[PDB]
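Presented below is the structure to which this report refers.
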Number of protein chains: 2
Amino acid sequence: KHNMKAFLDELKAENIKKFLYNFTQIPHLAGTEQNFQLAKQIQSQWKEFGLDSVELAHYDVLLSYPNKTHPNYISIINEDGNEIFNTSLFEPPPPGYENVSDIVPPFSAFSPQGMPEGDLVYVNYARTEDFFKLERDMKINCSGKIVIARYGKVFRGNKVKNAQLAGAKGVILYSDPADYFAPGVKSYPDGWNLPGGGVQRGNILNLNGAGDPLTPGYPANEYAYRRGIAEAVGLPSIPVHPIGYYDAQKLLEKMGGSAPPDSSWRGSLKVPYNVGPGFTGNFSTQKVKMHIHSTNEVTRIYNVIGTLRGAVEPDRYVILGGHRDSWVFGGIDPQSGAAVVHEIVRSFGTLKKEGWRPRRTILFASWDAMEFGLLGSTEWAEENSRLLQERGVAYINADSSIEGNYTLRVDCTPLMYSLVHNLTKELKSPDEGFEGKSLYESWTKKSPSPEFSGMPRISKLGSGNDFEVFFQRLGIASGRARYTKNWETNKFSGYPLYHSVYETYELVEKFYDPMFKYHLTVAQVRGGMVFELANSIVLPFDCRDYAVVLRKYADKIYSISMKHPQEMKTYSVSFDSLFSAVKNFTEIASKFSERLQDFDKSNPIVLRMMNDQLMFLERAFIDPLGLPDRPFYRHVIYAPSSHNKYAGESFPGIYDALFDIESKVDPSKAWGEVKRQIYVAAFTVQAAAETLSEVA
Amino acid sequence: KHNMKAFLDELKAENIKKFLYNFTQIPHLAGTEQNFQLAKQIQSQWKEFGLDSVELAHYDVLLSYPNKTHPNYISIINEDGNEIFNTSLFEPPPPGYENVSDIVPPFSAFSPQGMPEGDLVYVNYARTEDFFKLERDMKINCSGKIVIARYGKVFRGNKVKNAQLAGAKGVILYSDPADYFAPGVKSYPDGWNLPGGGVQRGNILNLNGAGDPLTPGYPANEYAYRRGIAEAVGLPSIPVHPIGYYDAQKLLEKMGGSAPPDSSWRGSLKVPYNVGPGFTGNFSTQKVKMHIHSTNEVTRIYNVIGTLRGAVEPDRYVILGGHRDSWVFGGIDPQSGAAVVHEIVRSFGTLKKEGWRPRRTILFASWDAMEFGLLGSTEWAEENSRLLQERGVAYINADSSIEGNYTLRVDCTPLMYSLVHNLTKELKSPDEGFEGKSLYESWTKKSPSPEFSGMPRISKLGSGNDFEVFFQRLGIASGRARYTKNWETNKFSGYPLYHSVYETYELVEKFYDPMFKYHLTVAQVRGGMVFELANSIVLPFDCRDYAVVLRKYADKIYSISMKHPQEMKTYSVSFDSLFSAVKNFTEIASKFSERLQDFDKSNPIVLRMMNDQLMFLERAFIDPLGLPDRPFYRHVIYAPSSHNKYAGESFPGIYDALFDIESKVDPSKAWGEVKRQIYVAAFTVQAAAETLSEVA
Ligand SMILES: *[C@@H]1O[C@H](CO)[C@@H](O[C@@H]2O[C@H](CO)[C@@H](O[C@@H]3O[C@H](CO[C@H]4O[C@H](CO)[C@@H](O)[C@H](O)[C@@H]4O)[C@@H](O)[C@H](O[C@H]4O[C@H](CO)[C@@H](O)[C@H](O)[C@@H]4O)[C@@H]3O)[C@H](O)[C@H]2NC(C)=O)[C@H](O)[C@H]1NC(C)=O
Ligand SMILES: *[C@@H]1O[C@H](CO)[C@@H](O[C@@H]2O[C@H](CO)[C@@H](O[C@@H]3O[C@H](CO[C@H]4O[C@H](CO)[C@@H](O)[C@H](O)[C@@H]4O)[C@@H](O)[C@H](O[C@H]4O[C@H](CO)[C@@H](O)[C@H](O)[C@@H]4O)[C@@H]3O)[C@H](O)[C@H]2NC(C)=O)[C@H](O)[C@H]1NC(C)=O
Ligand SMILES: *[C@@H]1O[C@H](CO)[C@@H](O[C@@H]2O[C@H](CO)[C@@H](O[C@@H]3O[C@H](CO)[C@@H](O)[C@H](O[C@H]4O[C@H](CO)[C@@H](O)[C@H](O)[C@@H]4O)[C@@H]3O)[C@H](O)[C@H]2NC(C)=O)[C@H](O)[C@H]1NC(C)=O
Ligand SMILES: *[C@@H]1O[C@H](CO)[C@@H](O[C@@H]2O[C@H](CO)[C@@H](O[C@@H]3O[C@H](CO)[C@@H](O)[C@H](O[C@H]4O[C@H](CO)[C@@H](O)[C@H](O)[C@@H]4O)[C@@H]3O)[C@H](O)[C@H]2NC(C)=O)[C@H](O)[C@H]1NC(C)=O
Ligand SMILES: *[C@@H]1O[C@H](CO)[C@@H](O[C@@H]2O[C@H](CO)[C@@H](O[C@@H]3O[C@H](CO)[C@@H](O)[C@H](O)[C@@H]3O)[C@H](O)[C@H]2NC(C)=O)[C@H](O)[C@H]1NC(C)=O
Ligand SMILES: *[C@@H]1O[C@H](CO)[C@@H](O[C@@H]2O[C@H](CO)[C@@H](O[C@@H]3O[C@H](CO)[C@@H](O)[C@H](O)[C@@H]3O)[C@H](O)[C@H]2NC(C)=O)[C@H](O)[C@H]1NC(C)=O
Ligand SMILES: *[C@@H]1O[C@H](CO)[C@@H](O[C@@H]2O[C@H](CO)[C@@H](O)[C@H](O)[C@H]2NC(C)=O)[C@H](O)[C@H]1NC(C)=O
Ligand SMILES: *[C@@H]1O[C@H](CO)[C@@H](O[C@@H]2O[C@H](CO)[C@@H](O)[C@H](O)[C@H]2NC(C)=O)[C@H](O)[C@H]1NC(C)=O
Ligand SMILES: *[C@@H]1O[C@H](CO)[C@@H](O[C@@H]2O[C@H](CO)[C@@H](O)[C@H](O)[C@H]2NC(C)=O)[C@H](O)[C@H]1NC(C)=O
Ligand SMILES: *[C@@H]1O[C@H](CO)[C@@H](O[C@@H]2O[C@H](CO)[C@@H](O)[C@H](O)[C@H]2NC(C)=O)[C@H](O)[C@H]1NC(C)=O
Ligand SMILES: O=C(O)CC[C@H](NS(=O)(=O)N[C@@H](CC(=O)O)C(=O)O)C(=O)O
Ligand SMILES: O=C(O)CC[C@H](NS(=O)(=O)N[C@@H](CC(=O)O)C(=O)O)C(=O)O
Ligand SMILES: *[C@@H]1O[C@H](CO)[C@@H](O)[C@H](O)[C@H]1NC(C)=O
Ligand SMILES: *[C@@H]1O[C@H](CO)[C@@H](O)[C@H](O)[C@H]1NC(C)=O
Ligand SMILES: *[C@@H]1O[C@H](CO)[C@@H](O)[C@H](O)[C@H]1NC(C)=O
Ligand SMILES: *[C@@H]1O[C@H](CO)[C@@H](O)[C@H](O)[C@H]1NC(C)=O
Ligand SMILES: [Ca+2]
Ligand SMILES: [Ca+2]
Ligand SMILES: [Cl-]
Ligand SMILES: [Cl-]
Ligand SMILES: [Zn+2]
Ligand SMILES: [Zn+2]
Ligand SMILES: [Zn+2]
Ligand SMILES: [Zn+2]
């Protein structure tokens, strides 16, 4: 029998291991020859595995690279202009890779060039609230200062935007052991911790969903019009560079001025964590100098797109996509995900060779230039937007399969909650102590829902990954899943060796998943989701789950507003329309569910009518005018946080209208805009509800 | 048998006559009680006629009305400030209506209030080229002048926008006998010509597709956020008022300054047509004073929406819509169209009562507040945009059925050309001399295609009517048809009594269509189109017809650019990408057509897949970012002309980038934008082509 069990059983941990090894022996930096060669390899293998067609889709997009003969570095400079300390020019390479060529040294992708000299101000995590505390409470002025910020808590691009608006003339990012060194664990290569010479690479753009900075709205094809750099989207205006904690200690140890305002500002280094500005009296004349010489350059990138044609509904697309480009070896990010995709394709191809085809078309994608701003996924979606918005059923992302070995993590649209619950009840837990128990059981035990007993936690989608164009721009139901750490065991996000040279095959094989059982579990979750979405006769979405969360989000946004009761009285700010729309959505979704379960099962038109209602329900939350000043974030329920691209925000339009409103100089204008966003949200919720009404 | 012949045969000229009489006895001004009562009557009758549901959809939108106790008028004022001449306060009412109440006096809807006094400048038709001739050639400065412009050639809102940008402080619009008095025809009531006391009403907004000025993007429902007046869309900044030619003669006769530049500037009045500024020497101290006291007010409007559920594809909508509100009696505009719709509903309802249902759902609409800026259609489409863009097959408009008695006029998407040709071959010509011949034959003879022998002329859709939101904002295949005059017999557009009190039932019954045979023919064309669109198994669109016109439009826009060969060399301006996309569209459309004719006819999924490809093809020409500064004009192939809302422009983005480019101060910026619009157009054409490729 060709059923999901046949698909799932075919997946092998040993295959995922072999693919991971294969994908992580050399660097695959976007825009480089090595990453083009891997694209061609993937294309060849997906054909071999049995997909109907496999093509490369290429684009020419703005990328950013250090100058090989003019290295980036930071100095402490004395009053004579002598550089008395210099940060590293490279991370010490790990055992057995000390002769690997083409390792890109640590840099902040898209930094402008410059050599700013000045006094240091320490800004904690450079969050919105961190700058609020400096400027408003501590009365420290960052204008013309170089800021030093620790990585963590929020996307680094938001840190740089915040530093820029504070008037900084440069940003130094560093990894504090507080956030990247788990107590009791040894540094790579003897454990999974970040060594003091390790550095986190990463782009510092603020694209807000635009894709290639030079071609917002349109694919960066051969005849594309490209904005001039000065009009490009999302580029930082001040130089930025990342360093490790050995180097950070040297920059921070001399810092004077004001003491840290409290303990939440102190990391784990043996330094005061003084905010500055500048150094203590003996060193008061020493300054910090950055030297950044990186260049932005239009460069060709290559997505691999594989198609497995649907037998019944070939014009309905279920997409499994993740990126292939890495900063260096990509041992976790992204190759732990790409190896999983590779095995999923191989398994589907095995069934196909035995004569099976899924009901709907499955598209498989190996995206390029993700590390430089989700560029490959976004340019492809811009090219294919009309096909995706009329035919796109769902998008399942496939970046890193692991960031820990504790339990499952799922972030997805409410439309997929029931699908996820049901699938995980059918899968075996790989966890020790849960032998013979379901993944649902271990996941629920280790990651309980904060709201419901006997349910697991499922989070909203944020952003910072390749689902962004599909979900927040185009309104295609999206999901992601991976294995994660125990947040009770160290509160820091992600894994210590993130975006460092130390993220290698050996890191995974030795420390994260020796038996590749967590990889296999994640292949089963991602592949199982794709299988159901593509094969079920009724799409496996439950509209009633959206009704429940809409009420939760309406309560939450109302509660934020109600911290300002006088203003709500003065400006007649009512949430009645939003609650009414949510009530209506709940009622209509309930009746739709009845019809779906009750309709004449022999009638393919009623079924498809009803499958189209399910498919277009996520689409209904799209506002074609976008959110304020963010035209590519069009989903009215979910946007990436304006303060942290990684985090999702609910009712983002109303959230941003309320944020820091007490500080607005024209309260009438400000509360007027709150009311406008309530109207837009209520209307959108009612309009989405009405797509589930009887059609005529 | 229930086939199109049964539907067509049921339509009766005598019924259309009875409905026209019924709809034209009292004024039905938008926002008035009389127009609400007619809405309720229509709703009742459509229910009686047999539709499944008939509801009122209401909105509260900005309308504009004169002040009943503070009349609008224009004066000539002497140096003492004595008003020595005053324009009429009302049009002399026609025979037997001299006691009808609630006739709105002539005014320009949405004029601001004011009493500007100044010297007159005569600006011909106030077209872009007319102001070019004044400012550039004649060196006449309109700043601080009151401009007087004759109606005709272009939409009056464009005249007012042009006057505003020329620095005018007021606009007087008048009907010149050259444009509104056919030689050899007597004035109403003894013929169909405009009498000297007749005046054309009409709104002077520049909405660019926005709908209600206060709620762009969102329906003007009960909880709507409304912009303040100062931020409203499309409102004129200077006072405006319309007059008849008896009054115009008094304002023009004294005009001095420069002579008219040539004969194209002279109308038919016994006056010099001097451009001014101001009056001849003896009257040089006399000035013109406007008195405008109209008020803008948010007012409730009511659309009637009738549904006839489809038997097979209830979630596919074919819409027949036209407006119901009139300026006064609406004898032609709109009731000659509304009576036709009423009879079409009655005929469909007759078939339904005998057990028939169309394959797809038919929606019937009686729109309100069309005369005030397409407000009812636009607000309803804003409310229902998600349903319309995923389910909307086609929109057939139904304003005035007649503007003459000579031949058929059709404006529509290329997708409907074949449908129209085939249907008109099946219909009888009502024309004298063409007894027993088809409508196709008489139409082709009287209105030959400028391009193809043996074919009739079919024009592009422009705007100024209720299809605008459906076609140019949402990308739903749209069409319209009416009987029209012979352009060889008088070149003036429209009919002389347009938007005057004299547009009555008697005008139609006596002078235009005594036997209601032209009305019946138009009911057959509009109803027949709806019947096919709603009932055929394969949608009756031919994608190959779009390929032919795309090549025509590409040639045309290229030819415009090629008037600047040096600049095309300097800035490397190539149209190669657009021609490539058009070639590709042609090739892919040809292969799609083969599959449509060749596919397995027993397979409803392949059929619907292919019906969805046909339905979404118009949709593919939509750009979600809209055209420059016109966010609600989203169709890349067709937009209303930036110089004349009534006219359609092809490749509008490139057209406007090229328009008057030789006058731009930064040719590099200007030609860069031409190249950007070529990229956008080429991409959109290729993307639309790719929706017709095999789906997987
Ligand atoms: C959640 O779902 C419910 C439906 O169960 C929607 O309820 C509608 O709510 C609006 C109010 O926002 C009601 O609007 C009112 O309509 C009255 C006329 O309604 C009749 O006629 C219409 C057609 O014109 C029919 O569709 C309808 O069935 C009724 O027969 C108006 O007279 C009301 O205006 C008067 O009162 C208001 C308030 O005091 C004044 O501001 C006005 O000046 C005026 O005096 C009003 O417009 C609507 O009728 C309800 N429809 C129903 C029950 O079917 C909710 O709107 C929906 N929530 C959201 C957010 O959409
Ligand atoms: C009308 O329809 C035709 C298809 O019949 C489209 O043709 C494509 O045209 C583009 C040019 O605009 C071609 O682009 C070229 O692709 C080359 C690689 O193509 C191969 O590999 C890709 C996957 O990466 C496959 O899809 C493809 O089948 C080929 O096997 C590049 O190497 C070319 O770049 C080089 O030359 C250019 C020009 O000198 C330089 O600027 C570059 O720096 C580089 O040196 C180029 O990108 C594309 O291959 C064609 N596809 C075909 C024939 O299938 C038209 O684009 C389409 N019209 C529009 C407007 O869309
Ligand atoms: C996750 O799994 C849960 C549990 O299986 C699943 O919910 C269940 O779905 C089934 C299938 O729709 C529901 O069964 C229906 O129940 C109603 C009322 O009892 C019946 O009227 C339905 O009968 C009709 O349809 C049948 C085919 O399913 C026909 O055989 C029959 O003739 C009728 O036409 C039907 O049996 C069941 O009630 C729920 N259980 C719950 C909610 O507890 C859920 O759908 C899964 N989630 C997915 C797939 O996303
Ligand atoms: C306007 O009217 C014209 C003239 O009628 C019409 O064009 C015609 O359409 C028919 C129907 O598609 C075409 O007939 C087809 O021709 C090809 C080649 O000869 C055949 O392969 C097709 O046969 C298949 O389909 C048949 C059902 O239609 C099956 O019976 C058969 O088994 C095959 O599956 C088919 O006969 C005809 O060629 C054109 N004539 C032209 C273009 O001159 C046009 O479509 C109408 N426009 C509309 C409806 O918008
Ligand atoms: C990762 O795995 C891939 C796939 O197994 C490896 O690529 C494959 O490498 C072999 C040996 O280089 C290639 O076979 C050889 O082909 C050449 C020319 O066609 C010829 O000399 C011989 O016929 C020989 O068999 C094979 O083509 C190639 N497969 C691809 C790319 O599809 C790759 O080596 C592995 N990478 C690492 C780091 O282990
Ligand atoms: C245009 O045609 C409509 C429809 O025929 C006319 O409206 C109809 O008018 C009659 C007479 O006023 C109404 O019948 C009457 O109803 C009232 C109360 O229900 C009652 O006194 C009697 O039972 C009587 O039969 C009828 O309801 C009404 N139909 C509608 C509106 O649906 C209208 O008079 C015509 N207008 C003109 C200008 O001719
Ligand atoms: C990268 O840095 C190198 C080294 O400074 C630059 O190469 C120099 O370019 C200048 C002109 O700008 C020449 O006069 C020197 O001879 C070059 N030096 C060497 C060592 O080659 C190069 O411009 C930079 N590359 C970029 C900006 O991509
Ligand atoms: C930090 O690096 C800089 C640049 O390489 C070093 O300064 C250079 O030293 C050489 C040799 O003494 C001089 O000829 C250059 O003029 C210097 N360049 C600059 C920009 O200062 C510096 O010695 C290094 N500091 C440490 C502590 O190693
Ligand atoms: C329409 O014009 C009338 C007549 O001038 C206005 O009514 C007057 O309003 C003023 C206050 O603005 C009163 O003092 C007068 O007593 C009113 N006169 C009469 C004759 O009623 C009215 O304001 C205007 N209506 C509008 C603006 O809608
Ligand atoms: C044009 O209309 C104006 C306004 O009605 C007339 O001027 C008014 O005349 C009365 C009576 O003589 C005066 O009391 C008012 O003060 C005047 N108002 C203004 C604004 O001037 C004028 O007489 C009319 N002109 C003609 C030729 O009939
Ligand atoms: O440009 C963007 O939006 C983000 C690109 C890139 N995304 S990412 O966070 O590294 N990708 C992954 C990292 C991981 O797979 O662990 C995630 O979503 O967790 C980054 O943050 O540098
Ligand atoms: O606001 C608008 O866009 C136009 C509203 C209104 N349209 S209209 O030209 O009068 N409608 C008709 C007039 C007619 O049916 O003769 C048309 O399309 O020809 C007008 O021009 O005043
Ligand atoms: C910070 O300093 C700069 C001048 O060096 C000044 O423009 C800015 O207003 C200052 N910020 C404060 C104190 O608000
Ligand atoms: C793997 O699991 C064990 C058991 O909790 C844990 O001690 C170890 O830290 C985990 N490894 C990683 C890399 O999280
Ligand atoms: C027209 O006159 C006004 C001043 O009355 C002036 O601002 C404007 O520039 C003039 N236009 C010309 C002559 O270009
Ligand atoms: C009706 O047709 C006749 C014949 O051409 C023509 O003389 C007359 O002017 C027409 N009436 C109108 C209102 O166009
Ligand atoms: Ca782009
Ligand atoms: Ca609106
Ligand atoms: Cl992921
Ligand atoms: Cl019309
Ligand atoms: Zn990644
Ligand atoms: Zn990454
Ligand atoms: Zn009209
Ligand atoms: Zn009109």
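Note that these values count all heavy atoms, side chains included, but never hydrogens, waters or copies made by symmetry. First the proteins, then the strands, lettered A, B, ... as listed; each starts at 1.
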Below 4.5 Å from any heavy atom of chain B, which atoms of [X] appear? Answer side chain, backbone, both or neither.
| X | answer |
| --- | --- |
| A:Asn603 | neither |
| A:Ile678 | neither |
| A:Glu382 | backbone |
| A:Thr361 | side chain |
| A:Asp576 | neither |
| A:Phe616 | side chain |

_Sub-4.5 Å side-chain heavy-atom contact between A:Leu625 and B:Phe632_ =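 Side chain of A:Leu625 against side chain of B:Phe632, heavy atoms only: contact under 4.5 Å found.
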
*Kindly indicate whether the side chain of B:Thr684, heavy atoms from C-beta on, has any atom under 4.5 Å from the side chain of A:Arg386.*
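SC-SC contact between B:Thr684 and A:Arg386 confirmed.
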
_With a sphere of 6.0 Å drawn around CD1 of B:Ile229, does it hold more than 12 non-hydrogen atoms of other residues, nucleotides or ligands?_
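Above 12, so yes.
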
*Heavy atoms of other groups near A:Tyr558 OH, more than 12 under 6.0 Å*: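 Atom OH in A:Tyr558 is not packed in, count stays at 12 or less.
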
Sort out for me which of [options] touches chain B most, counting heavy-atom pairs under 4.5 Å.
| options | result |
| --- | --- |
| A:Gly310, A:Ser580, A:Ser577 | A:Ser577 |
| A:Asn221, A:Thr691, A:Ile605 | A:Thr691 |
| A:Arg391, A:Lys675, A:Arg309 | A:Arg391 |
| A:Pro604, A:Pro219, A:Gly217 | A:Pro219 |

*Is a side-chain donor or acceptor of B:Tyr317 paired with a backbone partner of A:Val695 at a separation under 3.5 angstrom?*
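At least one qualifying donor-acceptor pair exists.
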
*Look only at the side chain of B:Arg676 and the backbone of A:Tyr225, and say whether a donor-acceptor pair between them is shorter than 3.5 Å.*
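Between the backbone of A:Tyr225 and the side chain of B:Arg676 there is no qualifying donor-acceptor contact (under 3.5 Å).
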
Looking at chain A, which one of [options] has the largest number of heavy-atom pairs inside 4.5 Å, strictly under?
| options | answer |
| --- | --- |
| B:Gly672, B:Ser53, B:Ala682, B:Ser574 | B:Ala682 |
| B:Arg634, B:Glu694, B:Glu313, B:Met609 | B:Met609 |
| B:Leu387, B:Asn384, B:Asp52 | B:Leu387 |
| B:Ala688, B:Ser385, B:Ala687 | B:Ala687 |

_Heavy-atom proximity to chain A below 4.5 Å, by part of B:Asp315_ =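 Both backbone and side chain of B:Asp315 come within 4.5 Å of chain A.
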
*Which portion of B:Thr307 sits near chain A, non-hydrogen atoms under 4.5 angstrom*: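 The side chain, not the backbone.
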
_Contacts of A:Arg619 that satisfy salt bridge (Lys or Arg N to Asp or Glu O under 4.0 Å) - sequence neighbours left out_ =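 Result, salt bridge (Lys or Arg N to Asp or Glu O under 4.0 Å) vs A:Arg619: none returned.
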
*Compare every heavy atom of B:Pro314 with every heavy atom of A:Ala696, then report the nearest pair and how far apart it is.*
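Here A:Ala696 and B:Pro314 meet closest at CB-O, 3.6 Å.
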
*Got a sec, which residues hit side chain to side chain donor-acceptor pair (under 3.5 Å) with A:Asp629, two or more places apart in sequence or on another chain?*
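A:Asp629 satisfies side chain to side chain donor-acceptor pair (under 3.5 Å) with no residue once adjacent residues are dropped.
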
